[PDB]
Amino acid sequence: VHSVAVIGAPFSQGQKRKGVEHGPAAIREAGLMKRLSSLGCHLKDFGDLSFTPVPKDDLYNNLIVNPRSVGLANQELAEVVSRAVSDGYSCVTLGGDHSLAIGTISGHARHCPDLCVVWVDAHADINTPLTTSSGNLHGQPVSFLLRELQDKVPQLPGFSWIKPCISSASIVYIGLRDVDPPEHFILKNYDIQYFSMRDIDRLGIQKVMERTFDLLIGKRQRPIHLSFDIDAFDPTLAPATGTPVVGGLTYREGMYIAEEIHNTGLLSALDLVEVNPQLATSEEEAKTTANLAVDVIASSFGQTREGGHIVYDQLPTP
């Protein structure tokens, strides 16, 4: 039995493509609560947060898009996550764009000083506000959280409340295939361990999971924050997303990551972001992405491919 909290974060200001705000609804309609209930999860539904809108939040330094709104929505989310984690719940957040991990990791770190992060994504999301080319904050969340990058990060409007809470040795990336040159330098320079699609092609998903846990929890037990962007999966499996990159995780690899995260017993928070149902060419393609999102969450809380979750005690006798 797991105590699990669920938070809806209908936020899109971390990027330019509209519809990602409908992400939490699409995941709920796909039957998330029912699936978590069937696994025996003691649930708490915090509903879908209404983020305080910012009227004056124009382009900053001809680069950064909506900084005030992103910083604000994330401060609000950080409080709700803090509450869920302090109440003793494993915190599930439904996105919304990936800028929301600023809020979810900040909130979770308020209670876990030794938290580690498993970041499952096609992208590194580690551009600083000076290295970014798009200026979209969904490509920058990790720069505000990493301690080693504080001196390389300018203070943005609405971002005063963030305190870096994770060290470079405490985050492992899985699924990378679209990394900006400044992001590649950051990962290499600061010894941030990653397993790109190329690493998985060579090692395979089993050794990748073994080496991830070896790096993070090999010396001691630690709470795990799984930050999962749906674009980590191939766009054939997850088409309803803003930044799709071909050559992604298969359905089996993705279930494997979630299953292995469940088996540690250390899962403490999970973000499931970037599901944009409006970006799918048909209704069933939007529905496939949403159902895939539920499978990741369910497998992260016990759903297995061997049917061993619901325990059978005795076979009836004739």
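Throughout, rigid core stands for the largest set of C-alpha atoms superposing within 1.5 Å between the two forms. Numbers follow the displayed sequence, beginning with 1.
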Taking C-alpha RMS after core alignment, which stretch differs more from the shown form in 8 other deposited structures of this protein: 62 to 70, or 250 to 258? 62 to 70
As the entry reports it, the stretch among 7 to 15 and 290 to 298 with higher mean C-alpha B factor is 7 to 15
Averaged over C-alpha atoms, is the B-factor higher for 265 to 273 or for 65 to 73 in this PDB entry? 65 to 73
Consider only the C-alpha atoms of the modelled residues in this chain, order them by B-factor as the entry records it, and name the third containing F159: lowest, middle or highest. middle
Of the three thirds of Cα B-factor ranks in this chain, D125 occupies the lowest
Among the modelled residues of this chain, does the Cα B factor of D87 put it in the lowest, middle or highest third? highest
